[PDB]
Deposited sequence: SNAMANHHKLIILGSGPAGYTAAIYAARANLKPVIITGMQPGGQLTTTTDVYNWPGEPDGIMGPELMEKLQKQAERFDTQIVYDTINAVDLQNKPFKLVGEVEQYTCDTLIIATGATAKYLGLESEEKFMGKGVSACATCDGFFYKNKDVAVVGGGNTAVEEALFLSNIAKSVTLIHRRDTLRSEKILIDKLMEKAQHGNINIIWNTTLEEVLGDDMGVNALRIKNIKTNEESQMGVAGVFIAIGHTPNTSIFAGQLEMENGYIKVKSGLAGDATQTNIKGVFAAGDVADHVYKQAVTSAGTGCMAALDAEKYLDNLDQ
């Protein structure tokens, strides 16, 4: 179906872009990966931005639009273990805010040491019985205020931190994951702990492979005009805008993504007015 404006993503950028687009009565459509404003649950696997209108190819439906706001965020990197692929959506996940509610009063683990890992551990503490953060280094690379919150819960709450350790194998059966094999990288001593689910939070790349060859990109990030003269979210293709983490490899905060999401909606409004 055809729409004046389609927004890809539902993080702070996508959501803020929809609010502003809706306030301008553009009747935006948000297409978000399965897991006024109209919300469509679909996953775009291909796009054609060389002609007007722009074409988006979903699982079964095809969409067309006059303007496109890309706010797909980032997607988790995986360790690459066979037991990781093998237990996907069955004890292995890379999105605590997606699947974390299924582990109420259960023991879970988080693998990583950046902001994503710390934020996921903190988010899972309010749901899980216990949260075990596993990281290969001796220190964490996150904001100080979040580290202090984490350490407070590690000393007096339901969080355990295992330093200088890597995930060797995810163990489980037909019903799902039930254990993890870990190894201390400094001592090479292996252990085995019981876990109902593990959350991989080790690194994030922008979700932009489908735009390869059509949009100017650098290290996977969609290039935007930026600047102080307006049209700051516009890509090399007029009418195609990018906001949030897909076009920001420095700040990566919900508030900065919300800001560019707003900008994208206003940029799109101006493009539609002059069509």
property	result
Stretches with no C-alpha position, numbering per deposited sequence from 1	1 to 5, 41 to 77, 318 to 319
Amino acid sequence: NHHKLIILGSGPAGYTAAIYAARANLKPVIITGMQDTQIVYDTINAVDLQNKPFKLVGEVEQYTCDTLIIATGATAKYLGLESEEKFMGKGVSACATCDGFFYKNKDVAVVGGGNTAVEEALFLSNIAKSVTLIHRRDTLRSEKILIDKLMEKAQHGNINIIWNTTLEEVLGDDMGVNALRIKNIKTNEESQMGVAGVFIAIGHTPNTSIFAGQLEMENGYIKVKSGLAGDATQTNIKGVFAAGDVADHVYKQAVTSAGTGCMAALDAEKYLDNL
From here on, numbers count along this sequence of modelled residues.
| property | result |
| --- | --- |
| Entry-level comparison of average CA B-factors, 158 to 166 and 181 to 189, reporting the higher stretch | 181 to 189 |
| Mean C-alpha B-factor comparison - 131 to 139 and 69 to 77, higher one | 131 to 139 |
| Which of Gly220, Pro53, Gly227, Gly239 ranks first by CA B-factor in the deposited coordinates | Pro53 |
| Largest Cα B-factor, entry values, listed residues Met34, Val250, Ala247, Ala232 | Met34 |
| Third assignment of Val111 from its chain's C-alpha B-factors | lowest |
| Position of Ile202 among the chain's modelled residues by C-alpha B-factor, lowest, middle or highest third | middle |
| Chain-wide C-alpha B factor ranking for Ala24, given as lowest, middle or highest third | highest |
| Third of the chain's Cα B-factor distribution that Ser83 belongs to, per the entry | highest |
| Among modelled residues of the same chain, the CA temperature factor third for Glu120 | lowest |
